[PDB]
Amino acid sequence: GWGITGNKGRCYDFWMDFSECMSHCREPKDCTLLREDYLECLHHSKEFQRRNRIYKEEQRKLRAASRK
Amino acid sequence: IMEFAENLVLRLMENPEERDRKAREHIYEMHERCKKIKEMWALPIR
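Here the protein sequences come in this chain order: j and m.
When the count follows the authors' numbering, it moves up by one through the first sequence with no breaks and lands on 71 for the last residue.
When the count follows the authors' numbering, it moves up by one through the second sequence with no breaks and lands on 49 for the last residue.
Given below as structure tokens:
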């Protein structure tokens with residue numbers, strides 16, 4: 004849970020939230036929201052897929068307006 | 004006869020508790036049928 008320039012890493016906070024959950028929650032689910040939070044920090048998969056959908060719909064509209 | 008054949012047979016006697024033996028054997032194996040189904044469940048232990 005370190006960082007490339009010290010400073011608590013990027014989401015050692017999200018991992019602490021996902022570990023405190025997995026500490027005192029008896030199931031792997033009901034602690035999965037925090038797991039998806041932490042993996043979102045790691046790979047930015049949700050953020051990148053949303054940005055790409057934004058840009059994709061924009062590009063489709065622009066191409067439909069350009070070529071028609 | 005020959006002076007001891009009478010007590011020569013009391014080298015075993017009924018003592019019928021060997022059926023409670025299997026009675027509690029069965030408790031053993033009823034629990035043991037949970038040998039392979041159990042696995043990791045604890046994420047709250049150390």
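Note that the Cβ used here is the ideal one computed from N, Cα and C, for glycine as well.
Does the beta-carbon of residue i have 16 or more other beta-carbons within 10 angstroms, so that it is buried, or is it exposed?
i: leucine 65 (chain j); result: exposed
i: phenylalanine 51 (chain j); result: exposed
i: residue 72 (chain j); result: The structure shown does not extend to residue 72 (chain j), since chain j spans only 4 to 71, so no value can be given for it.
i: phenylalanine 7 (chain m); result: exposed
Quick check on residue i: does DSSP put it in helix, strand or coil?
i: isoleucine 48 (chain m); result: coil
i: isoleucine 7 (chain j); result: strand
i: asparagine 55 (chain j); result: helix
i: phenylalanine 7 (chain m); result: coil
Between residue i and the rest of its own chain, which residues show a CB-CB distance below 7 Å, the 5 nearest in sequence each way excluded?
i: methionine 25 (chain j); result: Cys34
i: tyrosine 41 (chain j); result: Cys14, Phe17, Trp18, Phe21
By Cβ distance, which residues of its chain are closer than 8 Å to residue i, with the 5 residues on each side in sequence left out?
i: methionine 19 (chain j); result: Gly4
i: residue 75 (chain j); result: In the structure displayed, chain j extends from 4 to 71; residue 75 (chain j) sits before or after that span and is not available.
By Cβ distance, which residues of its chain are closer than 6 Å to residue i, with the 5 residues on each side in sequence left out?
i: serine 69 (chain j); result: none
Under 9 Å, CB to CB, which of the residues in the segment 25-43 of chain j have a partner in chain m? Residues of the segment 25-43 of chain j with a C-beta atom less than 9 Å from some C-beta of chain m are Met25, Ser26, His27, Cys28, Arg29, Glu30, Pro31, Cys34, listed in chain order.
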